[PDB]
>>> print(open('structure.csv').read())   # CSV, N, CA and C atoms and all ligand atoms
chain,number,residue,atom,x,y,z
A,42,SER,N,98.7,84.1,90.8
A,42,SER,CA,100.0,83.8,91.5
A,42,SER,C,100.7,85.0,92.3
A,43,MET,N,100.1,86.2,92.1
A,43,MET,CA,100.8,87.4,92.5
A,43,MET,C,100.6,87.8,93.9
A,44,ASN,N,99.8,87.1,94.7
A,44,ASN,CA,99.8,87.3,96.2
A,44,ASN,C,101.0,86.5,96.8
A,45,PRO,N,101.7,87.1,97.8
A,45,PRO,CA,102.7,86.3,98.5
A,45,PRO,C,102.0,85.3,99.5
A,46,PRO,N,102.8,84.4,100.0
A,46,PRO,CA,102.2,83.6,101.1
A,46,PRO,C,101.9,84.5,102.2
A,47,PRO,N,100.8,84.2,103.0
A,47,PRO,CA,100.4,85.0,104.1
A,47,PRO,C,101.5,84.9,105.2
A,48,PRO,N,101.5,85.9,106.2
A,48,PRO,CA,102.4,85.8,107.3
A,48,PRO,C,102.1,84.5,108.1
A,49,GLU,N,103.1,83.9,108.6
A,49,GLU,CA,102.9,82.7,109.4
A,49,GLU,C,102.1,83.0,110.7
A,50,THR,N,101.3,82.1,111.1
A,50,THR,CA,100.5,82.2,112.4
A,50,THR,C,100.9,81.1,113.4
A,51,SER,N,101.7,80.2,113.0
A,51,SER,CA,102.3,79.2,113.9
A,51,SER,C,103.7,78.9,113.4
A,52,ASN,N,104.5,78.4,114.4
A,52,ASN,CA,105.9,78.0,114.1
A,52,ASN,C,106.4,77.1,115.2
A,53,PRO,N,106.7,75.8,114.9
A,53,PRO,CA,107.1,74.9,115.9
A,53,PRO,C,108.4,75.3,116.6
A,54,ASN,N,109.2,76.1,116.0
A,54,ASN,CA,110.5,76.5,116.5
A,54,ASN,C,110.4,77.9,117.3
A,55,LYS,N,109.3,78.6,117.3
A,55,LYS,CA,109.2,79.8,118.0
A,55,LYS,C,108.6,79.5,119.4
A,56,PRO,N,109.3,79.9,120.5
A,56,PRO,CA,108.7,79.6,121.8
A,56,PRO,C,107.3,80.3,122.0
A,57,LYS,N,106.4,79.6,122.7
A,57,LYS,CA,105.1,80.1,122.9
A,57,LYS,C,104.9,80.5,124.4
A,58,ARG,N,104.0,81.4,124.6
A,58,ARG,CA,103.7,81.9,126.0
A,58,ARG,C,102.3,82.4,126.2
A,59,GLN,N,101.8,82.2,127.4
A,59,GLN,CA,100.5,82.8,127.8
A,59,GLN,C,100.7,83.7,128.9
A,60,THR,N,100.5,85.0,128.7
A,60,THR,CA,100.6,86.0,129.7
A,60,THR,C,99.2,86.7,129.8
A,61,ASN,N,99.0,87.4,130.9
A,61,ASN,CA,97.8,88.2,131.1
A,61,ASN,C,97.6,89.3,130.1
A,62,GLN,N,98.8,89.9,129.7
A,62,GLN,CA,98.8,91.0,128.7
A,62,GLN,C,98.4,90.4,127.3
A,63,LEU,N,98.9,89.3,126.9
A,63,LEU,CA,98.5,88.6,125.7
A,63,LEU,C,97.0,88.2,125.7
A,64,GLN,N,96.6,87.7,126.9
A,64,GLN,CA,95.1,87.4,127.1
A,64,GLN,C,94.3,88.6,126.9
A,65,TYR,N,94.7,89.7,127.5
A,65,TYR,CA,94.0,91.0,127.3
A,65,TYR,C,94.0,91.5,125.9
A,66,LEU,N,95.1,91.3,125.1
A,66,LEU,CA,95.1,91.7,123.7
A,66,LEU,C,94.1,90.9,122.9
A,67,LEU,N,93.9,89.6,123.2
A,67,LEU,CA,92.9,88.8,122.5
A,67,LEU,C,91.5,89.1,122.9
A,68,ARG,N,91.3,89.0,124.2
A,68,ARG,CA,89.9,89.1,124.8
A,68,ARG,C,89.3,90.5,124.8
A,69,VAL,N,90.2,91.6,124.9
A,69,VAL,CA,89.7,93.0,124.9
A,69,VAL,C,90.1,93.7,123.7
A,70,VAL,N,91.4,93.8,123.4
A,70,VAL,CA,91.8,94.7,122.3
A,70,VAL,C,91.4,94.2,120.9
A,71,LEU,N,91.7,93.0,120.5
A,71,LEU,CA,91.3,92.4,119.3
A,71,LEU,C,89.8,92.3,119.2
A,72,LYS,N,89.2,91.8,120.2
A,72,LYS,CA,87.7,91.7,120.2
A,72,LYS,C,87.1,93.0,119.8
A,73,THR,N,87.5,94.1,120.5
A,73,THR,CA,86.9,95.4,120.3
A,73,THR,C,87.1,95.8,118.8
A,74,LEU,N,88.3,95.7,118.3
A,74,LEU,CA,88.5,96.0,116.9
A,74,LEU,C,87.9,95.1,115.9
A,75,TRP,N,87.9,93.8,116.2
A,75,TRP,CA,87.4,92.8,115.2
A,75,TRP,C,86.0,92.9,114.8
A,76,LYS,N,85.1,93.3,115.8
A,76,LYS,CA,83.7,93.4,115.5
A,76,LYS,C,83.2,94.8,115.2
A,77,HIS,N,84.2,95.8,115.2
A,77,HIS,CA,83.9,97.1,114.8
A,77,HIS,C,83.5,97.2,113.3
A,78,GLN,N,82.6,98.2,113.0
A,78,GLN,CA,82.1,98.3,111.6
A,78,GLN,C,83.1,98.5,110.5
A,79,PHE,N,84.3,99.1,110.8
A,79,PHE,CA,85.4,99.3,109.9
A,79,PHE,C,86.4,98.2,109.8
A,80,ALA,N,86.2,97.1,110.6
A,80,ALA,CA,87.2,96.0,110.7
A,80,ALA,C,87.4,95.2,109.4
A,81,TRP,N,86.3,95.0,108.7
A,81,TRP,CA,86.3,94.0,107.6
A,81,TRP,C,87.4,94.0,106.5
A,82,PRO,N,87.9,95.2,106.1
A,82,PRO,CA,89.0,95.2,105.1
A,82,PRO,C,90.3,94.8,105.8
A,83,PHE,N,90.4,94.8,107.1
A,83,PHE,CA,91.6,94.5,107.9
A,83,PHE,C,91.5,93.0,108.5
A,84,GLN,N,90.5,92.3,108.2
A,84,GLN,CA,90.3,91.0,108.8
A,84,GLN,C,91.0,89.8,108.1
A,85,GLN,N,91.7,90.1,107.0
A,85,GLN,CA,92.4,89.1,106.3
A,85,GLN,C,93.5,89.8,105.5
A,86,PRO,N,94.5,89.0,105.0
A,86,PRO,CA,95.5,89.7,104.2
A,86,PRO,C,94.9,90.4,103.0
A,87,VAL,N,95.6,91.5,102.6
A,87,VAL,CA,95.2,92.2,101.4
A,87,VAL,C,95.3,91.2,100.1
A,88,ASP,N,94.2,91.0,99.5
A,88,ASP,CA,94.2,90.1,98.3
A,88,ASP,C,94.4,91.1,97.1
A,89,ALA,N,95.7,91.3,96.7
A,89,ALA,CA,96.0,92.3,95.7
A,89,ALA,C,95.5,91.8,94.3
A,90,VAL,N,95.3,90.5,94.1
A,90,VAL,CA,94.7,90.0,92.9
A,90,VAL,C,93.2,90.4,92.8
A,91,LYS,N,92.4,90.0,93.8
A,91,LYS,CA,91.0,90.3,93.7
A,91,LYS,C,90.7,91.8,93.8
A,92,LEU,N,91.5,92.5,94.5
A,92,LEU,CA,91.3,94.0,94.6
A,92,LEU,C,92.0,94.8,93.4
A,93,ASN,N,92.6,94.0,92.5
A,93,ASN,CA,93.3,94.7,91.4
A,93,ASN,C,94.3,95.8,91.9
A,94,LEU,N,95.2,95.4,92.7
A,94,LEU,CA,96.2,96.3,93.2
A,94,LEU,C,97.6,95.7,92.9
A,95,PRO,N,98.0,95.7,91.6
A,95,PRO,CA,99.2,95.0,91.2
A,95,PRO,C,100.5,95.5,91.9
A,96,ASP,N,100.5,96.7,92.3
A,96,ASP,CA,101.7,97.3,93.0
A,96,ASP,C,101.7,97.2,94.5
A,97,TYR,N,100.7,96.6,95.1
A,97,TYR,CA,100.6,96.5,96.5
A,97,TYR,C,101.8,95.9,97.2
A,98,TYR,N,102.1,94.7,96.8
A,98,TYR,CA,103.3,94.0,97.3
A,98,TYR,C,104.6,94.3,96.7
A,99,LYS,N,104.6,95.3,95.8
A,99,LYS,CA,105.8,96.0,95.4
A,99,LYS,C,106.2,97.1,96.3
A,100,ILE,N,105.1,97.7,97.0
A,100,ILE,CA,105.3,98.8,97.9
A,100,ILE,C,105.3,98.3,99.4
A,101,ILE,N,104.4,97.3,99.7
A,101,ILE,CA,104.3,96.8,101.0
A,101,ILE,C,105.1,95.4,101.1
A,102,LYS,N,106.2,95.4,101.8
A,102,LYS,CA,107.0,94.2,102.0
A,102,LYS,C,106.9,93.5,103.4
A,103,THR,N,106.1,94.2,104.3
A,103,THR,CA,105.9,93.6,105.6
A,103,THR,C,104.3,93.6,105.8
A,104,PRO,N,103.6,92.8,105.0
A,104,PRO,CA,102.1,92.8,105.2
A,104,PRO,C,101.7,92.3,106.5
A,105,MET,N,100.6,92.9,107.0
A,105,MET,CA,100.0,92.4,108.3
A,105,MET,C,98.5,92.8,108.3
A,106,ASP,N,97.7,92.0,109.0
A,106,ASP,CA,96.3,92.2,109.0
A,106,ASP,C,95.8,91.6,110.4
A,107,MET,N,94.5,91.9,110.7
A,107,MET,CA,93.9,91.4,112.0
A,107,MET,C,93.6,89.9,112.0
A,108,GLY,N,93.3,89.4,110.8
A,108,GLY,CA,93.1,87.9,110.8
A,108,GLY,C,94.4,87.2,111.2
A,109,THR,N,95.5,87.6,110.7
A,109,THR,CA,96.8,87.1,111.1
A,109,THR,C,97.1,87.3,112.6
A,110,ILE,N,96.8,88.5,113.1
A,110,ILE,CA,97.1,88.8,114.5
A,110,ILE,C,96.2,88.0,115.4
A,111,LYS,N,94.9,87.8,115.0
A,111,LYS,CA,94.0,87.0,115.8
A,111,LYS,C,94.4,85.6,115.9
A,112,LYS,N,94.9,85.0,114.8
A,112,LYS,CA,95.4,83.6,114.8
A,112,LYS,C,96.7,83.5,115.6
A,113,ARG,N,97.6,84.5,115.5
A,113,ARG,CA,98.8,84.5,116.3
A,113,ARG,C,98.5,84.5,117.8
A,114,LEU,N,97.5,85.3,118.2
A,114,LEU,CA,97.1,85.3,119.6
A,114,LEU,C,96.5,84.0,120.0
A,115,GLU,N,95.5,83.5,119.2
A,115,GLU,CA,94.8,82.3,119.5
A,115,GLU,C,95.8,81.1,119.5
A,116,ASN,N,96.9,81.1,118.7
A,116,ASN,CA,97.8,80.0,118.6
A,116,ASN,C,99.0,80.2,119.6
A,117,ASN,N,99.0,81.2,120.5
A,117,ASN,CA,100.1,81.5,121.4
A,117,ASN,C,101.4,81.7,120.6
A,118,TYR,N,101.4,82.3,119.5
A,118,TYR,CA,102.5,82.5,118.6
A,118,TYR,C,103.4,83.6,119.2
A,119,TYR,N,102.9,84.5,119.9
A,119,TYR,CA,103.7,85.6,120.5
A,119,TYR,C,104.2,85.2,121.8
A,120,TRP,N,105.4,85.7,122.1
A,120,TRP,CA,106.0,85.6,123.5
A,120,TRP,C,105.6,86.7,124.4
A,121,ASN,N,105.4,87.9,123.8
A,121,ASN,CA,105.1,89.0,124.6
A,121,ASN,C,104.1,90.0,123.9
A,122,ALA,N,103.6,90.9,124.6
A,122,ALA,CA,102.6,91.9,124.1
A,122,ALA,C,103.1,92.8,123.1
A,123,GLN,N,104.4,93.2,123.3
A,123,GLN,CA,105.0,94.1,122.3
A,123,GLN,C,105.1,93.6,120.9
A,124,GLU,N,105.3,92.3,120.7
A,124,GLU,CA,105.3,91.6,119.4
A,124,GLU,C,104.0,91.8,118.7
A,125,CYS,N,102.9,91.7,119.5
A,125,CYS,CA,101.5,91.8,119.0
A,125,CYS,C,101.2,93.3,118.7
A,126,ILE,N,101.6,94.2,119.6
A,126,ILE,CA,101.4,95.6,119.4
A,126,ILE,C,102.1,96.1,118.1
A,127,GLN,N,103.4,95.5,117.9
A,127,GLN,CA,104.1,95.8,116.7
A,127,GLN,C,103.4,95.4,115.4
A,128,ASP,N,102.7,94.3,115.5
A,128,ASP,CA,101.9,93.8,114.3
A,128,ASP,C,100.8,94.7,114.0
A,129,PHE,N,100.0,95.2,115.1
A,129,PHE,CA,99.0,96.2,114.8
A,129,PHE,C,99.5,97.4,114.2
A,130,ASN,N,100.6,97.9,114.7
A,130,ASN,CA,101.3,99.1,114.1
A,130,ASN,C,101.7,98.9,112.7
A,131,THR,N,102.3,97.7,112.4
A,131,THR,CA,102.6,97.4,111.0
A,131,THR,C,101.4,97.5,110.1
A,132,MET,N,100.3,96.9,110.5
A,132,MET,CA,99.0,96.9,109.8
A,132,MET,C,98.6,98.4,109.5
A,133,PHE,N,98.6,99.2,110.5
A,133,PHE,CA,98.1,100.6,110.3
A,133,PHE,C,99.1,101.4,109.4
A,134,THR,N,100.4,101.2,109.6
A,134,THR,CA,101.4,101.9,108.8
A,134,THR,C,101.3,101.5,107.4
A,135,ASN,N,101.2,100.2,107.1
A,135,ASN,CA,101.0,99.8,105.7
A,135,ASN,C,99.9,100.5,105.0
A,136,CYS,N,98.8,100.6,105.7
A,136,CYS,CA,97.6,101.3,105.2
A,136,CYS,C,97.9,102.8,104.9
A,137,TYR,N,98.6,103.4,105.8
A,137,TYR,CA,98.9,104.9,105.7
A,137,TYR,C,99.9,105.1,104.6
A,138,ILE,N,100.8,104.2,104.4
A,138,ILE,CA,101.9,104.3,103.3
A,138,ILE,C,101.3,104.1,101.9
A,139,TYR,N,100.5,103.0,101.8
A,139,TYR,CA,100.0,102.7,100.4
A,139,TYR,C,98.9,103.6,99.9
A,140,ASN,N,98.0,104.0,100.8
A,140,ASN,CA,96.9,104.8,100.5
A,140,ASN,C,97.1,106.3,100.7
A,141,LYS,N,96.3,107.1,100.1
A,141,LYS,CA,96.5,108.6,100.2
A,141,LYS,C,95.7,109.1,101.5
A,142,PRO,N,96.3,110.1,102.1
A,142,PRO,CA,95.6,110.7,103.3
A,142,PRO,C,94.2,111.1,102.9
A,143,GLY,N,93.2,110.9,103.8
A,143,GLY,CA,91.8,111.3,103.5
A,143,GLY,C,91.0,110.2,102.8
A,144,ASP,N,91.7,109.2,102.2
A,144,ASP,CA,91.0,108.1,101.6
A,144,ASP,C,90.2,107.4,102.7
A,145,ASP,N,89.0,106.8,102.3
A,145,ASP,CA,88.1,106.2,103.2
A,145,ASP,C,88.8,105.1,104.0
A,146,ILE,N,89.6,104.3,103.4
A,146,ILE,CA,90.3,103.2,104.1
A,146,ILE,C,91.3,103.7,105.1
A,147,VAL,N,91.9,104.9,104.9
A,147,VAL,CA,92.8,105.6,105.8
A,147,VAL,C,92.0,106.1,107.0
A,148,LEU,N,90.8,106.7,106.8
A,148,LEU,CA,89.9,107.1,107.8
A,148,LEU,C,89.4,105.9,108.7
A,149,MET,N,89.2,104.8,108.0
A,149,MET,CA,88.8,103.6,108.7
A,149,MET,C,89.9,103.1,109.6
A,150,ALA,N,91.1,103.0,109.1
A,150,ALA,CA,92.3,102.6,109.9
A,150,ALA,C,92.5,103.6,111.0
A,151,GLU,N,92.4,104.9,110.8
A,151,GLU,CA,92.6,105.9,111.9
A,151,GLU,C,91.6,105.7,113.0
A,152,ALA,N,90.3,105.4,112.7
A,152,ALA,CA,89.3,105.1,113.7
A,152,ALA,C,89.7,103.9,114.5
A,153,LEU,N,90.1,102.8,113.8
A,153,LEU,CA,90.5,101.6,114.5
A,153,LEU,C,91.7,101.8,115.4
A,154,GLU,N,92.7,102.6,114.9
A,154,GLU,CA,93.9,102.9,115.6
A,154,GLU,C,93.6,103.7,116.9
A,155,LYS,N,92.7,104.7,116.8
A,155,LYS,CA,92.3,105.5,117.9
A,155,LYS,C,91.8,104.6,119.0
A,156,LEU,N,90.9,103.6,118.7
A,156,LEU,CA,90.4,102.7,119.6
A,156,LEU,C,91.5,101.7,120.1
A,157,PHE,N,92.3,101.3,119.2
A,157,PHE,CA,93.5,100.4,119.6
A,157,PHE,C,94.3,101.1,120.7
A,158,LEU,N,94.7,102.4,120.5
A,158,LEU,CA,95.5,103.1,121.5
A,158,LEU,C,94.8,103.3,122.8
A,159,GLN,N,93.5,103.6,122.7
A,159,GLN,CA,92.6,103.7,124.0
A,159,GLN,C,92.7,102.4,124.8
A,160,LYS,N,92.6,101.2,124.1
A,160,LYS,CA,92.7,99.9,124.8
A,160,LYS,C,94.1,99.6,125.3
A,161,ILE,N,95.1,99.9,124.5
A,161,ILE,CA,96.5,99.6,124.9
A,161,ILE,C,96.9,100.5,126.1
A,162,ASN,N,96.4,101.7,126.2
A,162,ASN,CA,96.6,102.6,127.3
A,162,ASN,C,96.2,102.0,128.6
A,163,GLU,N,95.2,101.1,128.6
A,163,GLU,CA,94.8,100.4,129.8
A,163,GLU,C,95.3,98.9,129.8
A,164,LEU,N,96.4,98.7,129.2
A,164,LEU,CA,97.1,97.3,129.3
A,164,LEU,C,97.4,97.0,130.7
A,165,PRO,N,97.0,95.9,131.2
A,165,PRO,CA,97.3,95.5,132.6
A,165,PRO,C,98.7,95.2,132.9
A,166,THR,N,99.2,95.4,134.1
A,166,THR,CA,100.6,95.0,134.4
A,166,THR,C,100.7,93.5,134.4
A,167,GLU,N,101.9,93.0,134.2
A,167,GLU,CA,102.2,91.5,134.2
A,167,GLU,C,101.9,90.9,135.5
A,168,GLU,N,101.4,89.7,135.5
A,168,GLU,CA,101.1,88.9,136.8
A,168,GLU,C,102.4,88.2,137.2
B,1,LIG,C1,91.0,100.3,99.8
B,1,LIG,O1,91.7,99.4,100.8
B,1,LIG,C2,91.3,98.2,101.0
B,1,LIG,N1,90.2,97.8,100.5
B,1,LIG,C3,89.8,96.5,100.7
B,1,LIG,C4,90.6,95.6,101.5
B,1,LIG,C5,91.9,96.1,102.0
B,1,LIG,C6,92.2,97.4,101.7
B,1,LIG,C7,93.5,97.9,102.2
B,1,LIG,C8,93.9,98.0,103.5
B,1,LIG,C9,93.3,97.5,104.8
B,1,LIG,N2,95.1,98.6,103.6
B,1,LIG,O2,95.4,98.9,102.2
B,1,LIG,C10,94.4,98.5,101.4
B,1,LIG,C11,94.6,98.7,100.0
B,1,LIG,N3,90.2,94.3,101.7
B,1,LIG,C12,89.1,93.9,101.2
B,1,LIG,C13,88.2,94.7,100.5
B,1,LIG,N4,87.0,94.5,99.9
B,1,LIG,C14,86.6,95.7,99.3
B,1,LIG,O3,85.6,95.8,98.6
B,1,LIG,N5,87.5,96.6,99.5
B,1,LIG,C15,87.5,97.9,98.9
B,1,LIG,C16,87.7,98.1,97.6
B,1,LIG,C17,87.7,99.4,97.0
B,1,LIG,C18,87.5,100.5,97.8
B,1,LIG,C19,87.3,100.3,99.2
B,1,LIG,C20,87.3,99.1,99.8
B,1,LIG,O4,87.1,98.8,101.1
B,1,LIG,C21,86.9,99.8,101.9
B,1,LIG,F1,85.8,100.5,101.7
B,1,LIG,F2,86.8,99.3,103.1
B,1,LIG,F3,87.9,100.7,102.0
B,1,LIG,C22,88.5,96.0,100.2
>>> encode(input="structure.csv", output="structure tokens")
Amino acid sequence: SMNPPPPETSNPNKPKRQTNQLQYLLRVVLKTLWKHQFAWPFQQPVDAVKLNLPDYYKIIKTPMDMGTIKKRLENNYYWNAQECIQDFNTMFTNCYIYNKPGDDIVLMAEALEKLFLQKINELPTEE
């Protein structure tokens, strides 16, 4: 019982939108990171039960992962690119806060973040 509900990926009361920046975030940015060799620990919510991390959700109150982001993009959950970018940043930050510098998972997150920033640097202008 000790995992919280995952972050919502749909909401009938949240306005939905399709922009070329959000299309780019799904088709280029997420795609790039999703299939990367270090992606797998970030492809779903942290299962603190299975991973035996009892203190995870005592420390991390704003969980986020790429599985959630991918679904949010696919479901047109975001109104703009900044909402999505914020979620990626939350994911990386959680990893850096909970784990110690130099830990393998931190190195993995840093590699993904470097790639993320490279791709966001080339975010296209709005149509
Ligand atoms: C260590 O952080 C995470 N590990 C996850 C994991 C999530 C994390 C994680 C993240 C991301 N941010 O904080 C933590 C903790 N999800 C699944 C999974 N399966 C698995 O065997 N592992 C795993 C377990 C122990 C040591 C390393 C592990 O993965 C790693 F090599 F990639 F680092 C994980």
>>> residues_near_ligand(input="structure.csv", ligand="ligand LIG 1 (chain B)", cutoff="8 Å", atoms="only N, CA and C atoms and all ligand atoms", output="ChimeraX atom specification")
/A:79-89,91-92,94,97,105-106,132-140,144-147,149-150
>>> atom_distance(input="structure.csv", atom1="atom CA of residue A:49", atom2="atom CA of residue A:120")
14.7 Å
>>> closest_residue(input="structure.csv", among="A:71, A:119, A:43, A:143", to="residue A:160", atoms="only C-alpha atoms")
A:71
>>> closest_residue(input="structure.csv", among="A:73, A:123, A:117, A:166", to="residue A:58", atoms="only C-alpha atoms")
A:117
>>> residues_around(input="structure.csv", residues="residue A:168", least_positions_apart="3", cutoff="8 Å", atoms="only N, CA and C atoms", output="PyMOL selection string")
chain A and resi 60-62+165
>>> closest_residue(input="structure.csv", among="A:141, A:118, A:162, A:155", to="residue A:63", atoms="only C-alpha atoms")
A:118
>>> closest_residue(input="structure.csv", among="A:59, A:44, A:127, A:159", to="residue A:98", atoms="only N, CA and C atoms")
A:44
>>> closest_residue(input="structure.csv", among="A:64, A:129, A:74, A:93", to="residue A:156", atoms="all atoms listed in the file")
A:74
>>> closest_residue(input="structure.csv", among="A:76, A:112, A:70, A:51", to="residue A:126", atoms="only C-alpha atoms")
A:70
>>> atom_distance(input="structure.csv", atom1="atom CA of residue A:167", atom2="atom CA of residue A:130")
21.5 Å
>>> select_by_dssp(input="structure.csv", residues="stretch 47-154 of chain A", states="helix (DSSP H, G or I)", output="ChimeraX atom specification")
/A:61-75,81-83,97-100,107-115,122-139,145-154
>>> atom_distance(input="structure.csv", atom1="atom CA of residue A:111", atom2="atom N of residue A:72")
8.1 Å
>>> decode(input="structure.csv", residues="stretch 82-107 of chain A", atoms="N, CA and C atoms", output="short mmCIF file (atom, residue, chain, number, x, y, z; two decimals), in the first residue's frame")
data_model
loop_
_atom_site.label_atom_id
_atom_site.label_comp_id
_atom_site.auth_asym_id
_atom_site.auth_seq_id
_atom_site.Cartn_x
_atom_site.Cartn_y
_atom_site.Cartn_z
N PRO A 82 15.13 3.05 -15.89
CA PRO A 82 14.67 3.34 -14.53
C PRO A 82 13.72 4.54 -14.44
N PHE A 83 13.68 5.33 -15.51
CA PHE A 83 12.88 6.55 -15.59
C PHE A 83 11.60 6.37 -16.41
N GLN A 84 11.33 5.17 -16.90
CA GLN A 84 10.21 4.93 -17.81
C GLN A 84 8.87 4.68 -17.10
N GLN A 85 8.90 4.67 -15.77
CA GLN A 85 7.69 4.46 -14.98
C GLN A 85 7.90 5.06 -13.60
N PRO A 86 6.80 5.29 -12.86
CA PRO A 86 6.95 5.79 -11.50
C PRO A 86 7.87 4.92 -10.65
N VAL A 87 8.61 5.55 -9.75
CA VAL A 87 9.44 4.82 -8.81
C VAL A 87 8.56 3.93 -7.94
N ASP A 88 8.77 2.62 -8.03
CA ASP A 88 8.04 1.66 -7.21
C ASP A 88 8.85 1.44 -5.94
N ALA A 89 8.57 2.27 -4.93
CA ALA A 89 9.32 2.26 -3.68
C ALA A 89 9.15 0.96 -2.91
N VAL A 90 8.05 0.25 -3.17
CA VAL A 90 7.81 -1.06 -2.55
C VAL A 90 8.77 -2.09 -3.13
N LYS A 91 8.70 -2.29 -4.45
CA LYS A 91 9.54 -3.29 -5.11
C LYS A 91 11.03 -2.98 -4.99
N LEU A 92 11.38 -1.70 -4.99
CA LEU A 92 12.77 -1.28 -4.86
C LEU A 92 13.25 -1.17 -3.40
N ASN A 93 12.36 -1.45 -2.45
CA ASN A 93 12.67 -1.34 -1.03
C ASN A 93 13.30 0.01 -0.69
N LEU A 94 12.57 1.07 -1.01
CA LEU A 94 12.96 2.44 -0.68
C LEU A 94 11.85 3.06 0.16
N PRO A 95 11.70 2.62 1.43
CA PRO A 95 10.58 3.09 2.27
C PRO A 95 10.50 4.60 2.43
N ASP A 96 11.64 5.28 2.38
CA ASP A 96 11.69 6.73 2.60
C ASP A 96 11.54 7.57 1.33
N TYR A 97 11.36 6.92 0.17
CA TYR A 97 11.35 7.65 -1.09
C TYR A 97 10.26 8.72 -1.12
N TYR A 98 9.03 8.31 -0.84
CA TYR A 98 7.88 9.21 -0.90
C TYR A 98 7.69 10.03 0.40
N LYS A 99 8.57 9.81 1.38
CA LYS A 99 8.71 10.73 2.51
C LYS A 99 9.59 11.91 2.12
N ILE A 100 10.51 11.68 1.18
CA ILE A 100 11.45 12.70 0.71
C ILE A 100 10.94 13.38 -0.57
N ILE A 101 10.40 12.58 -1.50
CA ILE A 101 9.93 13.08 -2.79
C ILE A 101 8.41 13.22 -2.80
N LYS A 102 7.94 14.47 -2.78
CA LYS A 102 6.52 14.79 -2.72
C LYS A 102 5.93 15.19 -4.08
N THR A 103 6.78 15.39 -5.08
CA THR A 103 6.35 15.70 -6.43
C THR A 103 6.98 14.69 -7.40
N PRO A 104 6.55 13.43 -7.32
CA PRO A 104 7.14 12.42 -8.20
C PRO A 104 6.86 12.68 -9.67
N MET A 105 7.80 12.29 -10.52
CA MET A 105 7.62 12.39 -11.96
C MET A 105 8.56 11.43 -12.66
N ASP A 106 8.11 10.95 -13.82
CA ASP A 106 8.85 9.96 -14.59
C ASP A 106 8.51 10.12 -16.07
N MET A 107 9.29 9.49 -16.95
CA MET A 107 9.08 9.62 -18.39
C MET A 107 7.85 8.87 -18.89
#
